[PDB]
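Take a look at the structure set out below.
There are 2 protein chains.
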Amino acid sequence: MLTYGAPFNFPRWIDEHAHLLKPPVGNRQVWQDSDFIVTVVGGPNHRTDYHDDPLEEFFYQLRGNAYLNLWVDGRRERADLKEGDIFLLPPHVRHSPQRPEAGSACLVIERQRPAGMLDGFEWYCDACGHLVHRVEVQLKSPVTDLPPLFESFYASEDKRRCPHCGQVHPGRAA
Amino acid sequence: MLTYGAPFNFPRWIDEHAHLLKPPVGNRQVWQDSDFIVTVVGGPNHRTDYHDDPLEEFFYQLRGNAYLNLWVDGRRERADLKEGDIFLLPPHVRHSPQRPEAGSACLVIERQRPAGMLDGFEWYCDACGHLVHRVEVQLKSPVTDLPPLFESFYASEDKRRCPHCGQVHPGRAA
Ligand SMILES: Nc1c(C(=O)O)ccc(Cl)c1O
Ligand SMILES: Nc1c(C(=O)O)ccc(Cl)c1O
Ligand SMILES: [Fe+2]
Ligand SMILES: [Fe+2]
Ligand SMILES: [Fe+2]
Ligand SMILES: [Fe+2]
Numbered sequence: 001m002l003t004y005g006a007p008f009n010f011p012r013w014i015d016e017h018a019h020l021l022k023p024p025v026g027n028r029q030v031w032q033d034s035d036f037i038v039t040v041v042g043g044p045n046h047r048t049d050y051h052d053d054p055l056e057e058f059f060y061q062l063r064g065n066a067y068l069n070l071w072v073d074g075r076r077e078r079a080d081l082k083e084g085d086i087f088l089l090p091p092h093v094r095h096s097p098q099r100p101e102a103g104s105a106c107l108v109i110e111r112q113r114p115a116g117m118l119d120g121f122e123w124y125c126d127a128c129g130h131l132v133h134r135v136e137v138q139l140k141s142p143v144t145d146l147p148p149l150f151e152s153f154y155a156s157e158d159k160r161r162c163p164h165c166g167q168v169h170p171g172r173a174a
Numbered sequence: 001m002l003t004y005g006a007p008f009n010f011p012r013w014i015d016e017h018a019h020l021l022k023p024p025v026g027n028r029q030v031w032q033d034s035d036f037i038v039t040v041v042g043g044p045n046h047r048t049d050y051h052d053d054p055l056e057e058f059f060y061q062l063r064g065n066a067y068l069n070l071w072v073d074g075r076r077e078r079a080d081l082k083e084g085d086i087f088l089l090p091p092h093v094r095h096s097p098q099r100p101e102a103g104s105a106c107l108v109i110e111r112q113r114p115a116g117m118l119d120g121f122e123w124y125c126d127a128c129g130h131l132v133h134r135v136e137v138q139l140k141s142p143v144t145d146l147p148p149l150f151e152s153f154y155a156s157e158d159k160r161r162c163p164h165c166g167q168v169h170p171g172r173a174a
């Protein structure tokens, strides 16, 4: 059977979900219970967490512009997702997507992580670049599993305290 | 490291590879040696083989129109990929892509099959619908591994002979 339904027009789908491609929801998954996790991400949104995904991530920035804050070769780097760009992110490259534009829309495709293969979410100290806090999670429902993880970091000065230089990470916003 | 390089503009990439998105090549893989197999498929092309992929396949028909001949619920069915359509194909649904239009361009995303997980390629009898021939293959390099498989079917009346009604499949073209 066509478990995920028939083909459908993607631009019209994006238009119809515009109200979800903005705060507070920000993103909408296309199909449920599939191996390919297909998500459309809107804006605006800024975040301070870096994602450590054990599998690849595919990006196609369909509308508007965004960028990824990365750690590459031990140094902070930025990868621009200009309108029309595609990009394949290798496993475990730490990335923090920044989406300044309202009305933007990025297709993101990932794989369902099998049991035992964990995702990481990390924050780094603005002062000395040291890792401040990492949580590993079996990511089965990101829409609901991630908000409490992030909220628990923002709420704890202990979690936000840099072990190297002592600076307390600002938490939700840079 | 950014093993697969920096982001780049997808429409211009498609334009620059137009000469490969037509016979005889037909399609071009975007990145090499990745877990996500990202391919752009042009046209025109018609084919008689059905693919039995043990993992999912994602389609985004960016330019032009195409369609998939399917077996769904034991019956022949057609799924149209009109310009702008996206579609997620579940594992093992037999599908035969037909791409009548020159200048068409479809983004296809699949997963590298791990060792021991085999792909099937099948032909069915136009007269009685029975399976005529199936080859299973460890698909590591489709660009080169598939042509000899297909050619060996076209070349053999034995392979093309329906075991149920005796009709010899036409081979390369319906
Ligand atoms: N990369 C993302 C993004 C992003 O790039 O902002 C948002 C949601 C999901 Cl599920 C993602 O995989
Ligand atoms: N679905 C396809 C097609 C297709 O849909 O015609 C062509 C090449 C590759 Cl590698 C595919 O996975
Ligand atoms: Fe990610
Ligand atoms: Fe620090
Ligand atoms: Fe296929
Ligand atoms: Fe037959």
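Protein chains in written order, with the authors' numbering: chain A, 1 to 174; chain A', 1 to 174. A prime marks a further copy of an entry chain.
Don't be surprised by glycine CBs; every beta carbon is placed ideally from N, CA and C.
- Under the three-pair Cβ rule at 8 Å, the stretch 142-152 of chain A does not count as touching the stretch 66-77 of chain A.
- In chain order, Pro7, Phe8, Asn9, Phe10, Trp13, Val30, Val38, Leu107 make up the part of chain A whose C-beta sits under 9 Å from the C-beta of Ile86(A').
- Taking C-alpha positions only, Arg113(A) is separated from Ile37(A) by approximately 10 Å.
- In the DSSP assignment, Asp52(A') falls within the beta strand (DSSP E) that extends over 50-52.
- With 5 Å as the limit between CB and the heavy atoms of ligand 2, the residues that fall short of it are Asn27(A'), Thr39(A'), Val41(A'), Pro97(A'), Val108(A').
- When Cβ pairs closer than 8 Å are counted between the two stretches, the stretch 99-112 of chain A is seen to touch the stretch 30-47 of chain A, the count reaching three or more.
- If you draw a 10 Å sphere on the C-beta of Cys128(A'), you find fewer than 16 other C-beta atoms in it, and that means exposed.
- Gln167(A') and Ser156(A') have their C-alpha atoms spaced approximately 13 Å apart.
- Judged by their CB atoms, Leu81(A) and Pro7(A') are nearer to each other than the 8 Å cut-off.
- Considering only beta carbons, the part of the stretch 60-80 of chain A' lying closer than 7 Å to chain A consists of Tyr60, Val72, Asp73, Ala79, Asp80, in chain order.
- Remark: three or more beta-carbon pairs, one from each stretch, lie closer than 8 Å, so the stretch 116-134 of chain A' and the stretch 52-68 of chain A' are flagged as touching.
- Looking from the CA of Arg172(A), the closest CA among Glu122(A), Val93(A), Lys140(A), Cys165(A) belongs to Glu122(A).
- Taking 9 Å as the Cβ-Cβ cut-off, the stretch 41-56 of chain A approaches chain A' at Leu55, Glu56, given in chain order.
- Residue contact check for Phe58(A) against chain A': a CB pair falls below 8 Å.
- Going by DSSP, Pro142(A) is part of the alpha helix (DSSP H) stretching over 142-155.
- Chain-ordered, the chain A' residues with CB closer than 8 Å to the CB of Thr3(A) read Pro90.
- Beta-bridge partners of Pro97(A') (DSSP): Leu68(A').
- Closest by C-alpha distance to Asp126(A), out of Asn9(A), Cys162(A), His17(A), is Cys162(A).
- Distance between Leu62(A') and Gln98(A'), taken at the CA atoms: about 15 Å.
- Among the bridge pairs identified by DSSP, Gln29(A') is matched with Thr39(A').
- In the structure shown, the three-state DSSP call for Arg113(A) is coil.
- Neighbours of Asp145(A) across chain A', judged by C-beta separation under 7 Å, do not exist; the nearest C-beta is about 23 Å away.
- Proximity of chain A' to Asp35(A) at the Cβ level (cut-off 7 Å) is accounted for by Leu55, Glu56, in chain order.
- Using a CB distance cut-off of 8 Å, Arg113(A') does not count as an interface residue toward chain A.
- In chain order, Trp123, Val132, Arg160 place their CB closer than 6 Å to the CB of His169(A), counting only its own chain and leaving out the 5 sequence neighbours on each side.
- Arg134(A) and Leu89(A) have their C-alpha atoms spaced approximately 20 Å apart.
- Taking a 10 Å sphere around the C-beta of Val93(A), we find 16 or more other C-beta atoms and assign the residue as buried.
- Distances from the CB of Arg99(A) to the heavy atoms of ligand 1 include at least one below 7 Å.
- For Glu16(A), the enclosing alpha helix (DSSP H) starts and ends at 10-16.
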